[PDB]
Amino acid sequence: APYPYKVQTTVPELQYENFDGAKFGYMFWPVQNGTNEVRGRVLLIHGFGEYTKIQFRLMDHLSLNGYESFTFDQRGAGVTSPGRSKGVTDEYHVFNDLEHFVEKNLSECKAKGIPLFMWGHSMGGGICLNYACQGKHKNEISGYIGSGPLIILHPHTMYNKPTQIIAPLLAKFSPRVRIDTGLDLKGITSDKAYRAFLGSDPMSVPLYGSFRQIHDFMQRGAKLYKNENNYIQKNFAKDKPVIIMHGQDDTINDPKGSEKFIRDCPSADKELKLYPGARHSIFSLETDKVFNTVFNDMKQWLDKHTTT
């Protein structure tokens, strides 16, 4: 089944970079709108099961609207960790790998005098928001964007897929054990055409996650949700703007989590945007109606925090 989206710009080459025992597959997407003007660059942290092509639809649109994109297949994901390596990563690497690419992009963006923004979906959303609190360069990112971030699972997901609860609890005893709980296609998107692509994609199925990886990204969001001793108010990078987009019909990641995060956030420039009729993957696998609504909101938000 074909990938429903027709890219309007030139797809970048999938480059590779060795770092800390892994060969990272990454992509730099240049602005292609006929002007030599770049308003800024967005670094895209994908979620569990995802990889570069999933973010093609978003990167294509950023390029047309004056924004460069950088994304990489994380450790445990995509071309970076195939075979037995799939699902194999942890809290340490997740951020240590992210620092490497943040620094790479901060330098290049420093060179051309453009702001760097950080974007994350689901698992990537959990990472993105957590970086705003713990990142080495959290004060050098110009703005944080979350796309239905994994803070707390929706009750529906926990009830129908109890595996994602149990397996983290067992991670300490056997962290290398990998497991495949399959795709919740109907929860992921309301668009049948992207569903078919996803359920047919060799790069999407099978998707294994180890107990260590899963425990770590589950603990990651639960940490933000718990906000023990006002962790978020204390550590969120001062005066950094933050916006979360969350599909209102998201029954994979509870929208109530983004709601509480925005509430807890001490920054002035903060907003939660909920989208009716829209489910989990609003930036990649949803309908054209949803994506356009959802992307315009991101496009405008980025314009407000960029100059010329």
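The numbering used is simple: start at 1 and walk along the sequence shown.
- Stretches 239-247 and 28-36 differ in mean CA B factor, with 28-36 having the higher one.
- Annotation for 124-132 versus 227-235: the higher mean temperature factor (C-alpha) is found in 227-235.
- The PDB entry assigns its highest CA temperature factor, among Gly143, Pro162, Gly76, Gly148, to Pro162.
- The entry lists a Cα temperature factor for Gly87 that places it in the middle third of the chain's modelled residues.
- Ranked by C-alpha B-factor against the other modelled residues of its chain, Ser284 falls in the lowest third.
- Annotation for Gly47: CA B-factor lies in the lowest third of the chain's modelled residues.
- Annotation for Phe291: CA B-factor lies in the lowest third of the chain's modelled residues.
- The deposited CA B-factor of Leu185 belongs to the highest third of values across its chain.
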